[PDB]
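All remarks here apply to the structure that follows.
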Protein chains: 2
Amino acid sequence: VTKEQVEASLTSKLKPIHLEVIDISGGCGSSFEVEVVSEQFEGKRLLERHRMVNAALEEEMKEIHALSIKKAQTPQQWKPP
Amino acid sequence: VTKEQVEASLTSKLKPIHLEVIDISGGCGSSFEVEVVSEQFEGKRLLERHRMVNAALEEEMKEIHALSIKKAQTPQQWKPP
């Protein structure tokens, strides 16, 4: 698994307006932190947002050692009025 | 997958008299180079020796990026007269 693969998967499934993916394992591609801002989270509680992120990363999750979902936000939470 | 896991699988299955397992992925545990010396290799050509190593690492192989079998030797090859 690579950061580009994690990025492309999230981008494909969640169409985020803001996305950050960081390999925190020293370039090993085995631990990632993600920040995902998507309109698809609107009206969804945290558990469902995580389910959506996990489902997007279904193949990656099989291999990697850690996935830290730092932010799963609507655009309005990301940038308040 | 860890270095110790690869070592343990090879040790348990091949009963070797010399074993070296080296992470060649900079500590990531995703690429290994192995030297294995075992009585089980006696009478066996190279392909069969490789299949024995792969079968010893049946689970590790599904996950890792490289396995370089540097040496698959009999005791007599390891210590020539």
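Naming scheme: A, B, ... for chains in displayed order of the structure tokens; residues 1 onward per chain; ligands 1 onward as shown.
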
*Show me which bits of chain B are within 12 Å of chain A, counting only C-alpha atoms, as a PyMOL selection string.*
chain B and resi 1-2+24-31+60+62-65

*Extract the full set of helix (DSSP H, G or I) residues from chain B according to DSSP on the backbone, and format it as an NGL selection string.*
:B and (3-14 or 39-41 or 46-56 or 60-62 or 75-78)

Export of the given selection (N, CA and C atoms) as a tab-separated table (two decimals), in the first residue's frame:
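Full text of again.tsv as output:
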chain	number	residue	atom	x	y	z
B	3	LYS	N	10.63	-9.30	11.13
B	3	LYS	CA	11.83	-10.11	11.05
B	3	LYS	C	11.73	-11.36	11.93
B	4	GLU	N	11.29	-11.18	13.17
B	4	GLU	CA	11.18	-12.32	14.09
B	4	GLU	C	10.15	-13.35	13.62
B	5	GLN	N	9.08	-12.88	13.00
B	5	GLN	CA	8.07	-13.77	12.47
B	5	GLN	C	8.63	-14.64	11.34
B	6	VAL	N	9.33	-14.00	10.40
B	6	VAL	CA	9.97	-14.74	9.30
B	6	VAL	C	10.96	-15.76	9.86
B	7	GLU	N	11.81	-15.33	10.79
B	7	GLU	CA	12.77	-16.22	11.46
B	7	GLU	C	12.08	-17.42	12.11
B	8	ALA	N	10.99	-17.16	12.83
B	8	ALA	CA	10.28	-18.22	13.54
B	8	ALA	C	9.64	-19.24	12.59
B	9	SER	N	9.06	-18.76	11.50
B	9	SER	CA	8.42	-19.65	10.54
B	9	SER	C	9.45	-20.56	9.87
B	10	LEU	N	10.56	-19.97	9.44
B	10	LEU	CA	11.63	-20.75	8.82
B	10	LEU	C	12.23	-21.73	9.82
B	11	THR	N	12.40	-21.29	11.07
B	11	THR	CA	13.01	-22.14	12.09
B	11	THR	C	12.13	-23.35	12.38
B	12	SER	N	10.83	-23.12	12.50
B	12	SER	CA	9.92	-24.18	12.88
B	12	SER	C	9.77	-25.22	11.78
B	13	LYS	N	9.80	-24.77	10.54
B	13	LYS	CA	9.46	-25.63	9.41
B	13	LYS	C	10.67	-26.38	8.81
B	14	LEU	N	11.81	-25.70	8.71
B	14	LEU	CA	12.96	-26.24	7.99
B	14	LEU	C	14.04	-26.81	8.92
B	39	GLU	N	19.25	-29.60	6.45
B	39	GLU	CA	19.40	-30.99	6.02
B	39	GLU	C	18.30	-31.38	5.04
B	40	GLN	N	17.15	-30.74	5.18
B	40	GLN	CA	16.02	-31.02	4.31
B	40	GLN	C	16.32	-30.74	2.83
B	41	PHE	N	17.28	-29.86	2.56
B	41	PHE	CA	17.64	-29.54	1.18
B	41	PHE	C	18.44	-30.64	0.47
B	46	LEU	N	17.32	-26.68	-6.92
B	46	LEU	CA	17.03	-25.34	-6.41
B	46	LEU	C	15.54	-25.00	-6.35
B	47	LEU	N	14.79	-25.30	-7.41
B	47	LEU	CA	13.37	-24.97	-7.43
B	47	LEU	C	12.64	-25.57	-6.23
B	48	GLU	N	12.89	-26.84	-5.96
B	48	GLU	CA	12.25	-27.53	-4.84
B	48	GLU	C	12.63	-26.88	-3.50
B	49	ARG	N	13.90	-26.51	-3.34
B	49	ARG	CA	14.34	-25.77	-2.16
B	49	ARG	C	13.60	-24.43	-1.99
B	50	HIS	N	13.41	-23.69	-3.07
B	50	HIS	CA	12.65	-22.44	-3.02
B	50	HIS	C	11.20	-22.63	-2.61
B	51	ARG	N	10.55	-23.63	-3.19
B	51	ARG	CA	9.17	-23.94	-2.84
B	51	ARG	C	9.04	-24.31	-1.35
B	52	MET	N	10.05	-24.98	-0.81
B	52	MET	CA	10.05	-25.30	0.62
B	52	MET	C	10.11	-24.04	1.49
B	53	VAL	N	10.99	-23.11	1.12
B	53	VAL	CA	11.08	-21.80	1.78
B	53	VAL	C	9.75	-21.01	1.69
B	54	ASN	N	9.19	-20.94	0.48
B	54	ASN	CA	7.92	-20.23	0.28
B	54	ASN	C	6.78	-20.84	1.12
B	55	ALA	N	6.74	-22.17	1.20
B	55	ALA	CA	5.74	-22.89	1.99
B	55	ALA	C	5.93	-22.67	3.49
B	56	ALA	N	7.18	-22.57	3.92
B	56	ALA	CA	7.50	-22.21	5.30
B	56	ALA	C	6.95	-20.81	5.62
B	60	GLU	N	3.49	-15.14	5.48
B	60	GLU	CA	4.29	-13.94	5.30
B	60	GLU	C	4.33	-13.47	3.84
B	61	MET	N	4.42	-14.43	2.92
B	61	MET	CA	4.43	-14.15	1.49
B	61	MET	C	3.21	-13.39	0.95
B	62	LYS	N	2.05	-13.52	1.59
B	62	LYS	CA	0.84	-12.84	1.10
B	62	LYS	C	0.94	-11.33	1.30
B	75	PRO	N	24.03	-28.57	4.65
B	75	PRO	CA	25.15	-28.37	5.58
B	75	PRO	C	26.51	-28.49	4.89
B	76	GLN	N	26.62	-29.39	3.91
B	76	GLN	CA	27.91	-29.63	3.23
B	76	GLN	C	28.31	-28.45	2.34
B	77	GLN	N	27.32	-27.76	1.77
B	77	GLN	CA	27.55	-26.54	1.02
B	77	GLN	C	27.93	-25.38	1.93
B	78	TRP	N	27.34	-25.35	3.13
B	78	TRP	CA	27.59	-24.27	4.08
B	78	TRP	C	29.01	-24.35	4.60

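Atom CA of residue B:66 to atom CA of residue A:59 spans 19.5 Å [interatomic distance, one decimal].
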
What parts of stretch 36-72 of chain A does DSSP call strand (DSSP E)? I'd like the answer as a PDB file with C-alpha atoms, in the first residue's frame.
ATOM      1  CA  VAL A  36     -11.149  14.045   5.026  1.00  0.00           C
ATOM      2  CA  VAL A  37     -13.651  16.858   4.367  1.00  0.00           C
ATOM      3  CA  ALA A  66      -2.643   1.854  11.638  1.00  0.00           C
ATOM      4  CA  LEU A  67      -5.261   4.259  10.213  1.00  0.00           C
ATOM      5  CA  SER A  68      -5.769   7.402  12.260  1.00  0.00           C
ATOM      6  CA  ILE A  69      -8.873   9.337  11.151  1.00  0.00           C
ATOM      7  CA  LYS A  70      -7.967  12.763  12.555  1.00  0.00           C
ATOM      8  CA  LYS A  71     -10.797  14.588  10.848  1.00  0.00           C
ATOM      9  CA  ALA A  72     -13.973  13.449   9.154  1.00  0.00           C
TER      10      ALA A  72
END

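The space separating atom CA of residue A:58 from atom CA of residue B:58 comes to 22.7 Å.
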
*For atom CA of residue A:23 and atom CA of residue B:32, the interatomic separation in Å (one decimal)*: 21.2 Å
